[PDB]
Amino acid sequence: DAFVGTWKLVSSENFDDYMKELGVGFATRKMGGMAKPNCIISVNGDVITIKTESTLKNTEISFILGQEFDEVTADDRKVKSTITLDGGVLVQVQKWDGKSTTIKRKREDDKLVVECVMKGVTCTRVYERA
Ligand SMILES: Cc1c(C2CCCC2)nc(N(C)C(C)C)c(-c2nnn[nH]2)c1-c1ccccc1
């Protein structure tokens, strides 16, 4: 399983615009923009865990594929999230207040590539094994 590992952010495109679309205020966008998180992905049986570690904020989710769960996001949104596997890509949708965002996690070569979309905005974040 190409996703298991500890992954360090190495590049990011359009993350500020994405955060704006999420409703994140300026001071918090400022901190989030300069963060270089680690993403730690593990699996045991049916249960996938994704841990994000950074100096300004840590988060953790554990989920079963196809099973909706409640999540509090890093920016404090209370969302309903569902994550499925579609041709080897982990696809997560977060829904709240009639809005939604999609986060796709893909393995490409040596990279974990994460594409985040909300409205017209597409952010791409690349991570490499720690
Ligand atoms: C929404 C979000 C936030 C919010 C809090 C600050 C304002 C935005 N911070 C993150 N960082 C930078 C770490 C420090 C928690 C990440 C993030 N999580 N992993 N890497 N980056 C994400 C995120 C990125 C892409 C896909 C899903 C979630």
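Just so it is clear, chain A uses Swiss-Prot numbers, and the residues here are 3-132, in order.
Quick check of the header: X-ray crystallography, 1.5 Å.
A Cβ is built for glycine as well, from the same backbone N, Cα and C atoms used for every other residue.
Taken verbatim from Swiss-Prot:
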- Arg127, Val128, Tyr129: fatty acid binding site (BINDING)
- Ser13: phosphoserine (MOD_RES)
- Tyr20: phosphotyrosine (MOD_RES)
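All features noted in Swiss-Prot, drawn onto the structure.
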residue: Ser13; record: phosphoserine; CB count, 10 Å: 11
residue: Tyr20; record: phosphotyrosine; CB count, 10 Å: 23
residue: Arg127; record: fatty acid binding site; CB count, 10 Å: 21
residue: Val128; record: fatty acid binding site; CB count, 10 Å: 17
residue: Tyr129; record: fatty acid binding site; CB count, 10 Å: 23
Integer Cα-Cα distance in angstrom, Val128 (fatty acid binding site) to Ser13 (phosphoserine): 5
Residues close to fatty acid site centre defined by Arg127, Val128, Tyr129, Cβ within 8 Å: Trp9, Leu11, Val12, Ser13, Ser14, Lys113, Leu114, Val115, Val116, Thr126, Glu130
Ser13 (phosphoserine) and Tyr129 (fatty acid binding site), Cα-Cα, nearest whole angstrom: 7
Coarse DSSP state, helix versus strand versus coil, of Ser13 (phosphoserine): strand
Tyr20 (phosphotyrosine) and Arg127 (fatty acid binding site), Cα-Cα, nearest whole angstrom: 11
Between the residue listed as 'phosphotyrosine' and the residue listed as 'phosphoserine': CA-CA distance (Å): 15
